[PDB]
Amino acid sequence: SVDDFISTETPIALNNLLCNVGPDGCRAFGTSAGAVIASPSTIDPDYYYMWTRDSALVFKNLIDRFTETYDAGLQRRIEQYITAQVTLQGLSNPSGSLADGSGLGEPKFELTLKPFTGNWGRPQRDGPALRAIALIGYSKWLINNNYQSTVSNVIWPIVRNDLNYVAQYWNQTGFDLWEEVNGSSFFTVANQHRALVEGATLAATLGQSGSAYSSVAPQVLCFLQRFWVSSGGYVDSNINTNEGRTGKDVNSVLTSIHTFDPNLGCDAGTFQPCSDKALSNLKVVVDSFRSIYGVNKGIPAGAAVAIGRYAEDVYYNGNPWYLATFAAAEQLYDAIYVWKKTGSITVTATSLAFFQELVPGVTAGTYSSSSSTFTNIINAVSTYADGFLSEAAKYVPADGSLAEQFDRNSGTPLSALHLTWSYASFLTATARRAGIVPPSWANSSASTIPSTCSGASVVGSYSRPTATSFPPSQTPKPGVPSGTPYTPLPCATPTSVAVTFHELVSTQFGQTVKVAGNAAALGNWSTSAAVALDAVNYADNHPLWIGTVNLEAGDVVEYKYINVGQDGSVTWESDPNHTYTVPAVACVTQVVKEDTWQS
């Protein structure tokens, strides 16, 4: 049953989500405090980085959970995530520096909170938007619990940098959320609009000027209208480029659920889940996957299917993703929420095809909660929505782990293990089914579209934030639903820990990297018995090598990386010896030790 799946998966998803958060999460142990690894996977694929997007989406889920029920463990994690942003914002990186704002569009960082120096799809202009939305989310909590002073002191300078970035750079091309298409992206623009709306509201609450953000917001919304393909009834997810695709992409479904505000009803301007444009789009996007995946064979129209990112996808051969399949369920739960709350469903010419798939022959019109048409529709949509949950559930392993993808033919997990966003996507989709909605970000002002789009932007001021700490014990006001801090699920304490050595060193032709060390498993400083690392990952300005040795839990280890040529010659990295303490903590069975070569 779907209820069984939700029951069992919920605590596993939350646990696994939090295992990916530094400094102490079970699969992110020793990462910077507040850091969110996209995945513990270090090879095939290497996702052991911090993405501005992934971390902001994960923490928006956690901040929303924290808002529903105070949890001092979550708060500690939220505060840590926020202060890490002080460090990241200040970093010169290949996207640029903080001073002119350009550095804030950097997609990802080392989990040491250092610049990722390799070639990448940069900038990605959604990051500052999502980060702002996350930090504004916690700000509203702090303000509503009498800590506005902390917002102004610690948080606001961070949010202000990101808001200025959006207001300045929204009307320039960048890479999409899949890090592939350089242009103008639906998800990116829509969240940029949301951020400006929310940021103008926060400014005014703090007594700061929101004028720059409010003057630009409606122009961002104006431009968002250009992504709509009227002849096909769907969103072209990337414009200002010809990407060699239809533009039917879960991008647009992810947009709908992430800018959901039931107080906007079925507003099509902001692409609300129940809007006619969002529904029409959903059907088109779903349909693009119906005929092409082995796992969808023999499933009829009007029944849920496994869905991926976009039909043209070749990544790992192009497969369904858990977060995509969960996203479809979530958009439908969001629509159901609004229909139930308003007691009314409207079918239009635009949404006609979506509704006719579920209730064949239904006409456009408005149906109240008491009409049988309303009942046919809402029942069919609920079954369909649970069908998308159930479809993804079919391909979740017995242990409840959520990889990034499941195989288009066999449904077995592929790509990155324990993708943090997969867990969050499960948590949000099921929250919505439960009728738990996020805090509102908008009134109808935020949905008013100007008659013309001006492409207005504002050159902003950027300053390094300075405050890097929260006051202790910032507990809720009385009455507010409260509970004991979160505690991870129990495990055995490992006698052995898999230690992935993760080294940055530029090597020449045929050279191998080995780790020589003091412990027996590292060959007692013997160069011939040293442990060889994988040249896989070595990239332009990002020369990465990984090796995983089992070392005893609690053992203190001294090591040096050796550059071993083809000829079996050894060069030693400069002093000092590295010193690492292999952890002995419950649930910590694999760690990554991130290093750079000592010249």
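When you see a residue number, it is the position in the sequence shown, counting from 1.
Checked against the record, the higher mean CA B factor of 94 to 102 and 520 to 528 lies with 520 to 528.
The deposited model assigns a higher average Cα B-factor to 208 to 216 than to the other stretch when 208 to 216 and 373 to 381 are compared. For the set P472, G343, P273, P320, the maximum C-alpha B-factor listed in the entry falls on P472. Which of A33, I43, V549, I63 has the largest Cα B-factor in the deposited entry comes down to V549.
In the PDB entry, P476 places in the highest third of its chain by CA B-factor. Sort the modelled residues of the chain by CA B factor and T452 lands in the middle third. Per the PDB record, residue ranking by Cα B-factor puts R160 in the middle third of the chain.
The PDB entry assigns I143 a C-alpha temperature factor belonging to the highest third of its chain's modelled residues. For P490, the recorded CA B-factor ranks within the highest third of the chain. Only modelled residues enter the ranking.
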